[PDB]
Amino acid sequence: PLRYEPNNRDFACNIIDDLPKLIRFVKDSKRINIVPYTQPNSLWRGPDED
Amino acid sequence: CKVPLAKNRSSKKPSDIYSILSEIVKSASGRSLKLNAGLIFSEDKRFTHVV
Amino acid sequence: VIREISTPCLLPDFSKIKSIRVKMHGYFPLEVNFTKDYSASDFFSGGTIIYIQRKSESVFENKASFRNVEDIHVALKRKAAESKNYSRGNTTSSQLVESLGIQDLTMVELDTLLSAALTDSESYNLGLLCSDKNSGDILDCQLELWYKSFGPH
Amino acid sequence: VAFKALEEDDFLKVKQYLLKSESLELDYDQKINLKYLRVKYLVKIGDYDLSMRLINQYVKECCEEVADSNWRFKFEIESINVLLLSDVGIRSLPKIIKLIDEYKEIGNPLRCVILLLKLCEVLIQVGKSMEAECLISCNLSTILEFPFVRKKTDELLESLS
Amino acid sequence: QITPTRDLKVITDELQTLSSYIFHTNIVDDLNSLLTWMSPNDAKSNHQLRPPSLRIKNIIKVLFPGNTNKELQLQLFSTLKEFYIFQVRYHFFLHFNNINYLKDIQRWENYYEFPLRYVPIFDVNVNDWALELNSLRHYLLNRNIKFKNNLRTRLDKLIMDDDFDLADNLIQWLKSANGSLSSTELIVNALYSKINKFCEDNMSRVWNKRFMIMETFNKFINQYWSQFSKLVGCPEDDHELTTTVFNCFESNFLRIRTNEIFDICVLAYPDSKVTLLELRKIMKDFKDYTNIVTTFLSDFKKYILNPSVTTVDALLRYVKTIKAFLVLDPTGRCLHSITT
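Naming follows the PDB entry, where chain E appears as Anaphase-promoting complex subunit 2 of Saccharomyces cerevisiae. As recorded in the PDB, the entry bears the title "S. cerevisiae apo unphosphorylated APC/C".

By the naming in the PDB entry, chain A is Anaphase-promoting complex subunit 4, taken from Saccharomyces cerevisiae.

In structure tokens, the structure reads:
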């Protein structure tokens, strides 16, 4: 587990968070639907609810 | 002679692309006073009872 | 008669009010007295809301000496209030500038100026700032010139 | 073209163009650029009393007449550059810090780093270059991502050596 | 606090001429020997913490057994003061970067004031010696950042270990210096840290008592309030300070109970139920309830919602929390949130 506590000497701000997250195009039998993007390995790496 | 009003610099989730477009297309088609009332009178339950 | 009320309170009729003041620990006070020329009704004609400016808890304000009384009671209250937000460290820029050691504005500038000379005009200028009638870290300033004038080199 | 001429040190060309500025009818977006161009040219010449009195009136009317924050920021840093170039940058210390924490909440990386260069530049003209080297070293990774500040960034590196 | 300096060479030449004119004797060599003894610049001819011989003491007695002689002696004392002040500043500045702890400045103060007992130059009614000492203390505080941080750590260490007399000595020394690091913040920080640690030691893992916050407050007061009042200097009967201390104790108690609410409600119930009634008297803000419910849900979800846990015990502990939370919250809105 990484612990990146906020430090004044670290000005390396992040912009990927500000930019909106991507989406995915998956088509089922009925129609083409749009779902939020998840990394192929994010299901077992996602932030756990528990 | 310039009553320059102070613009309220209000400021959180970023959400996704599809949600933002759905929200805008959906929107395409007293409250403060009540808040003040909750602050004008406090420390008791008199106002709810009289209502 | 002085009448002390909370903020969201109905003040009496404007024509019968002579002066109003706001005082609270924090924001600096604002007191306005209504003379015959302008009445309270005319003053509040634009709006019944008066705005207040926020004071500043700045490190540069307390360069060397604390002009503030800094009561122990209010200090403890402020510490408890800050802990409440913290419960709900070097993360502030004021601590960064404190760590950098450039807290005293005048001392760093005069230290830079004295780095080398000491022509007569600036020498008399430094003497004038030292012998100022009222200033802040005057005693700290006196020692550097002594160090610059007669210290190791 | 004039901005390119300032970088290429074609002071004769820009001086003649500034003569055209005062009697032409320009759009507001065009006004500010030439208004901003005039500030940068005076900094290059060396005369700073007129420019310093001139730059702040622009920003003061860049906050009342038009609430343009981007041009308020862009105008602000030349005054920082004017002060510190005259060997007196400590006066700018209160001003730079108000923008640092202000733009940290906003999160614009270019804004934070430009203020960072001015902060390191302040600290190196006071005689405390030791900590500036320590501070620049931790953030050196995130300051090379911006191309137009590398020339100012690389130039500071040989100075520290 | 303006202090004059007239250069080492000029004052030395003035001293030699004054001694030669007034005394008409060859004590100039002995005068130079004395000056070296008081001068800390040269470590071979100074005192090095050793009492002077009979020669030096006799010269002092000669120097300290009409009007023109009196004013010449007064100016001679002024020149001696200037020479001593110049010497101590140069020596202090020589070792300025070598200071990292309070004990260093006290030993240097003793090193400087060692000749003072053997030669009285500072008048009793004028506290000059204290003035330049406070000036050097102020400069060291306001120029050496490492020394400032070391002072913070040392005072924190002293207050953690109940070393109250040295803490009072440290606080008085800082107050005399009147530096940028004001003593009020250190006292506030030290007291806050101490009360937090005392609260953590006492009211942790205990829930079966009633009105225990007053017991802890009374115990901490009887154990430390007199010492703290002596440190601050405020009267022992300061009501507002005690009230703020009590408010901080109850805030810390709320924080600890919010952290431990899972074991409070799951295991200690119903033995800890009394504490719940006390807790109900304290919570007043919606943020408190939200923090409580989210922390409890995370712990309940982290531990109880595991399928590896037997379902019978799971529902048993669940309903135990339901009755526990119902006692805590008569409204039951938190019950709806946990249920949902």
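**Some remarks on helix 2 (residues 11–21) of chain D**
Residues and elements named next belong to chain D. Restricting attention to buried positions, one finds in helix 2 the residues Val14, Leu18 and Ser21. The buried residues of helix 2 occupy an angular sector of 45° when the element is viewed end-on, so they sit on one face. Opposite the buried face of helix 2, at more than 90 degrees from it, the exposed residues are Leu12, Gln16 and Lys20. Its buried side turned inward, helix 2 meets helix 1 (2–7) and helix 3 (28–45).

**Remarks on the interface of chain E and chain C**
Of the residues lining the interface, 35 residues belong to chain E; the matching set on chain C comes to 28 residues. For the side of chain E that touches chain C, the secondary-structure elements that each account for two or more residues are helix 4 (67–94), helix 6 (128–143), helix 9 (183–202) and helix 11 (239–266) of chain E. Examining the composition of the side of chain E that touches chain C, we find that 6 residues originate from one element, helix 4 of chain E, more than from any other. The class makeup of the residues in the side of chain E that touches chain C is 15 nonpolar, 12 polar and 8 charged.

**What about the arrangement of the chains?**
Looking across the 7 pairs of chains in contact, one finds the most contacts between chains C and E. Chain D makes no contact with chain E; the smallest distance between any of their C-alpha atoms is 13 Å.

**Concerning the pattern of salt bridges**
Residue and element names in this part refer to chain E. The tally for this structure, following the rule as stated, stands at 10 salt bridges over all chains. Its salt-bridge partner being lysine 194, residue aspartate 162 comes within 2.8 Å of it at the nearest N-O pair. Of this pair, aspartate 162 sits in the loop between helix 7 (145–160) and helix 8 (164–177) while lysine 194 sits in helix 9; the two residues are 32 residues apart in sequence, bridging distant segments of the chain. Since its relative accessible area comes to 12%, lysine 194 is described here as buried.

What counts, and at which threshold
Residues numbered from 1 in each chain as written, not as in the entry; some residues may be left out. Chains lettered and ligands numbered in written order. Part of a larger assembly, values for the part shown. Heavy atoms only, no water. Residues with missing side-chain atoms left out of burial classes, pairs and counts. Buried < 20%, exposed > 50% of the residue type's maximum accessible area, 1.4 Å probe, protein only. Helix = DSSP H or I, 4+ residues; strand = E, 2+ residues; numbered from the N terminus. Arc of directions from axis to C-beta. Contact = heavy atoms within 4.5 Å. Nonpolar A, V, L, I, M, F, W, Y, C, P; charged D, E, K, R; others polar. Salt bridge = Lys/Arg side-chain N within 4 Å of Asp/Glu carboxyl O.

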